[PDB]
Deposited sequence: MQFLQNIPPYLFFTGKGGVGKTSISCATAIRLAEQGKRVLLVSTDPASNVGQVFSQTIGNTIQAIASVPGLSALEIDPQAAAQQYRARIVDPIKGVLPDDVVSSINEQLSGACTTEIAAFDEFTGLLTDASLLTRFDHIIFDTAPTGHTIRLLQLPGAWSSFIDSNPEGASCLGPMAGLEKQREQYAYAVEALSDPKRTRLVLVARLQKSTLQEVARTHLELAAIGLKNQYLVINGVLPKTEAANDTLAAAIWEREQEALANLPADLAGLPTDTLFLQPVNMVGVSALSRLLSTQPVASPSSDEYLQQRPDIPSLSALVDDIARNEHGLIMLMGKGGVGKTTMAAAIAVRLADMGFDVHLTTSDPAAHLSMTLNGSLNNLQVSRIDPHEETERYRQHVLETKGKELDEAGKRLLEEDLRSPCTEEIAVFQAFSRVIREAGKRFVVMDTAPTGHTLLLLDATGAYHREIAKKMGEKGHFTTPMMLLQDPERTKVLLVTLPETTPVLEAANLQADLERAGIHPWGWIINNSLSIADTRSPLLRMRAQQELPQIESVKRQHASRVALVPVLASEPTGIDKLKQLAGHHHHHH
């Protein structure tokens, strides 16, 4: 593998939740160890599972991984780090300012952005400690900071300006500006740091990666490698029609890699039978080769009961929000109700369903513009740039799009309104303090659906979203598990072994996460036409 040749002291892996960053990290950690290299593995995942995969406990201290000499691990809890980053700001004014104030400020430091800043604070600590390179040849992280987080800490304005929004965490950095600059310097030095983009052979995921690559490159990380994981081996597309549909779809994308990623050194890893759980299984990865859950139609029949309501589909990026939102809207309309679908991405398209397409790009720009008259007013040029970078945050689009959607939320009364994306609980809370919070919290009026995948990480990320939404008083009405192989028509041995891997995930969702659940299958054909869109739903036998 190219990504394993001549690794510098710092190696970071980046990619969406569940692409296999941690798995690949662990795998590489061993590979390097057995070549006689001293390796430090840094787990940075919310609820780390690296200790488990290595059958031991790890902690905020460097410990040896007895099951593989030459290797050691260290866990950096992001949640714990964020908690203490917030406390480091709030505790000092606790008791000097009123409670409702300390309360608001605390919320201002409970979003994804604070977590990102705090993680960067730990990364910097590691990156700026030479001694480590005295004890190790390689320090591997299973996640990487985003371009946004890097831009923010490299702005002159972040140090010389103050703003009357997610800039709150910035006053939490206690290290000198020089260390943050040193870190960024190390991340941009191809001699010290290699960035590995992890993706899948899915037209869509590649689009996101190509994007991350440009952002990180412009910033300075030009030592990048592409690792396409979970690829389906042709020696499987034989016999079973499903596997065949897939294998092509990938060979298709694989062959049409977005332009930007083309010039990137690339390696592909194979879809494995069982989800790794040991040195043996992990090592394999680097080589060269039905549940009792109702159909989506069942969820829709119960959403149809009231004959009206706001249907909001939520979840992480790529889990299929827009597709579930179109399937539901299409089904509701064919059941005879006036349905108004709202999307934030170009799709397509009886006269019972009307579709509103909003362009997040222009919505975001109207919003950014609006905030630059309000706040930018007395800021100096350096500060305006800090403000424009904060408005480059994930939630800026999130907020802007939600305000565009709100334009129609009014009709949730006469009919059904289906949306394919929503702001986080934290963001809803922020907007509330400044906007139909009451409507959203009402269980009769709104029905929030959480879309996720039958995989370990996507379920955890979804659980966390629900937890956040719950702090805002919104309780998801049901969960939709997408791309399921269990409920899939397949004679393909690997896909069957794969479908069997999903069971505990799907079981978790029904037993511990959702009031209601829907199981959708891996279509094996892009649900582009309302034809295949109607196929996702399945069927619900009428009863009394």
| What portions of the deposited sequence, indexed from 1, have no corresponding C-alpha atom in the structure? | 165-170, 296-308, 369-376, 462-479
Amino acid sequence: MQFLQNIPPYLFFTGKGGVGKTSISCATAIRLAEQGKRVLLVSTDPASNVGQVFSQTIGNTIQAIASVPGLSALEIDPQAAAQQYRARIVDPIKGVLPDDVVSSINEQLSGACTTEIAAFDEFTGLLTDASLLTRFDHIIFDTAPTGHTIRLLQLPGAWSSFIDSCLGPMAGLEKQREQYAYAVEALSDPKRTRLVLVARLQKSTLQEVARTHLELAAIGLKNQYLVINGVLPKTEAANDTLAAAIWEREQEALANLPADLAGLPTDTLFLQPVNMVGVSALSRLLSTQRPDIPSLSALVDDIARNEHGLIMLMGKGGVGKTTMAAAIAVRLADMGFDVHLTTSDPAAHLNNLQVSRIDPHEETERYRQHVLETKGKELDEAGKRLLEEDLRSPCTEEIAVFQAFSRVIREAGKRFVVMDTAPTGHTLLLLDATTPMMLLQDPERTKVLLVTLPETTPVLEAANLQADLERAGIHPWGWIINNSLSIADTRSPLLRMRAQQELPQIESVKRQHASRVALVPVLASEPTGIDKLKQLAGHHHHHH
From here on, numbers count along this sequence of modelled residues.
| task | For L350, record whether it is unmodelled in at least a third of the other compared entries of this protein. | result | yes
| query | Is it true that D164 has no coordinates in a third or more of the other entries in the comparison? | reply | yes
| message | Quick check on the record: does 512-520 or 497-505 carry the larger mean Cα temperature factor? | response | 497-505
| message | Mean Cα B factor from the PDB record: higher for 368-376, or higher for 382-390? | response | 368-376
| message | According to the Cα B-factor stored in this entry, which of the following is highest: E185, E236, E122, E363? | response | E236
| With respect to the C-alpha temperature factors reported in the PDB entry, which of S165, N464, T268, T446 ranks highest? | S165
| Mind checking which third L536 falls in for C-alpha B-factor across the chain? | middle
| Considering only modelled residues of the same chain, in which third does the CA B-factor of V19 rank: lowest, middle or highest? | middle
| Where the record places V408 (Cα B-factor, split into thirds across the chain) | highest
| task | Taking the chain's C-alpha temperature factors as the reference, tell me which third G36 falls into: lowest, middle or highest. | result | middle
| remark: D91: CA temperature factor from the record, placed by chain third, in the middle
